[PDB]
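Starting off, we have a lone chain in the form deposited in one PDB entry, written out as structure tokens.
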């Protein structure tokens, strides 16, 4: 859970480029070690607290800063659009910067991107394992369907490695800080976004088998339209004999679109 070191905290705020004119969404302030540091540099901070135990200390930590607003709501259940337009009226740019709990990590990140919010960016402390998959390029063992999904909406890059000793309960696993810069629009153009993500799952279902095999076993049209699939692979210049892990998002986008027309 709790981020002890003051130096690390400030490097986080540096990588989130927080200035006199930034609005900041924090998630999970604890005793407010990071929150205090954001209050010092942001125009306005909005922290989402759920935990009831630490709240009077957070209130003591946050007592001498007028520019912070604690919200007693799960960020997974909140309308971030409402909170945004309400609190960040004086703020030009918005950033999410948080130390996120280890279990809700991927879900929180994925709710926020799917909400299509006016965020400049998200900077977050999470598990090193999880951060390496998110910013994976296809030369990496960690490159999979989660790489594809966050790279759709944003530009992903790990910025920091942090040791276990920086936290109060020293965790099992090492941690890292990742920077996600929201793109202008989608990284690729697809007719059907939903079918595109089904495809990414199916292509990555078994890392040791061919693209062709994986599609035939994991698309619901695989067996019934195998010939049709083989056709679309050829027409899009994707050797079906390669692994899904060697394919780039440009190629998946091209293959999704192809298959959508031929299969439906």
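Residue numbers count along the first chain shown, from 1.
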- Query: Per the PDB record, is the mean Cα temperature factor higher over 97-105 or over 132-140?
  - Reply: 97-105
- Task: Return whichever of 19-27 and 239-247 has the greater mean Cα B factor according to the PDB record.
- Result: 19-27
- Compare the CA B factors listed in the entry for 122, 173, 156, 187 and report the winner. 173
- Max C-alpha B-factor within the set 217, 227, 198, 63 falls on 63
- Message: Split into thirds by Cα B-factor across the chain's modelled residues, where does residue 37 land: lowest, middle or highest?
- Response: middle
- Chain-relative C-alpha B factor for residue 232 (record values, thirds): the lowest
- Item | Where the record places residue 165 (Cα B-factor, split into thirds across the chain) | highest
- Message: Ranking every modelled residue in this chain by its Cα temperature factor as given in the entry, which third contains residue 181?
- Response: lowest
- Taking the values exactly as deposited, rank residue 259 by C-alpha B-factor within its chain and report the matching third: lowest, middle or highest. lowest
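The form deposited in another entry is left out here; the points below concern that form.
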- Message: Considering only the rigid-body turn between the shown form and the other one, which single choice in 165, 208, 187, 218 is at the hinge?
- Response: 187
- Item | Residue pair residue 173, residue 107 - Cα distance in that other deposited form, closer or farther (3 Å or more) | farther
